[PDB]
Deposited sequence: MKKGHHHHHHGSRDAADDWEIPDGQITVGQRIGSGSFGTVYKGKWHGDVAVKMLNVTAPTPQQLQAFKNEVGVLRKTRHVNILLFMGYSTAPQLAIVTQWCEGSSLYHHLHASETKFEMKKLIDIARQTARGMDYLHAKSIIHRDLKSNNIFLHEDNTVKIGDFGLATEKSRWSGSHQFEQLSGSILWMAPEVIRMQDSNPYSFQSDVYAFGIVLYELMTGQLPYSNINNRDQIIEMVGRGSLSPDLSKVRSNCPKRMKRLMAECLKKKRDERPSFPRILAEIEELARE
């Protein structure tokens, strides 16, 4: 069992919030990250609901997948993981790399994503802010345990699939290769939701830089396919990036 008894974790600085819960930095045999679930008091039925989600995190052992370390039931429900120094991929790309590094970041993410799907785990919300650059070198994918820019057309209108995860990866590719989010010119949610859902809108690939491996863009566009079944699986995506990487 991976339950961490009450009192063992010293919760510190509040880092940020989300629909799910609040993230703090903590102390448990060194630095940890504690996600306080937005649940004052847990019902026995909520308790099982929690265990089921932990049982899914329980089967993630990979260097590119955020390290799940433990879970709390008291005081309140919480997920304990490793502490990632630096910032999210979002903060680097948009808030504050060499083309080689960009590929590496893109490469590690595929490793993590392929591992997850091999474990038959659909992230369901892959985006640059759920990708943490620990030490600014290693990629840590979390929050698989709002943002519509990474949502596949079939998701907007078995909606959630490995293939919709692939699309979210394509957008991530777009972030890396352009250094900016899709539909930046169009700052209207309902507009993007309406236009991408019907197939009239797609990321502008004229933004990618010349110094972008044009083996990538083919792959990017392959993952950004409007049609679900026209997308390559992650094994393919991994092999591809790995093969176009050797250079």
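- Residues of the deposited sequence lacking C-alpha coordinates fall in the stretches 1-17, 114-116, 166-183, 196-199, numbered from 1.
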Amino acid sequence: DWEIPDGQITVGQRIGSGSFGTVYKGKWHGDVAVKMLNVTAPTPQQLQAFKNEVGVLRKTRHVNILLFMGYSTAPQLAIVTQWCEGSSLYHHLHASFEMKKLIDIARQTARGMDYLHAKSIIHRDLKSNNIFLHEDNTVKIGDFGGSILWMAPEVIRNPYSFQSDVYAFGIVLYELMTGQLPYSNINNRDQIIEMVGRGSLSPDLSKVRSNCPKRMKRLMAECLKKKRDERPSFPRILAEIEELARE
From here on, numbers count along this sequence of modelled residues.
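- Relative to its counterpart among 27-35 and 213-221, 213-221 has the higher mean temperature factor, C-alpha atoms as listed in the PDB entry.
- As listed in the deposited structure, the average C-alpha B-factor of 97-105 and of 70-78 is greater for 97-105.
- The PDB entry assigns the greatest CA B-factor among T43, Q191, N64, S200 to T43.
- Per the deposited record, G86 carries the highest C-alpha B-factor of all listed residues (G86, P153, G112, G170).
- Ranked by C-alpha B-factor against the other modelled residues of its chain, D136 falls in the highest third.
- Sort the modelled residues of the chain by CA B factor and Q13 lands in the middle third.
- In the PDB entry, a CA B factor belonging to the middle third of its chain's modelled residues is recorded for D6.
- The deposited CA B-factor of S120 belongs to the highest third of values across its chain.
- Ranked against the other modelled residues of its chain, the C-alpha B-factor of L181 as given in the entry falls in the middle third.
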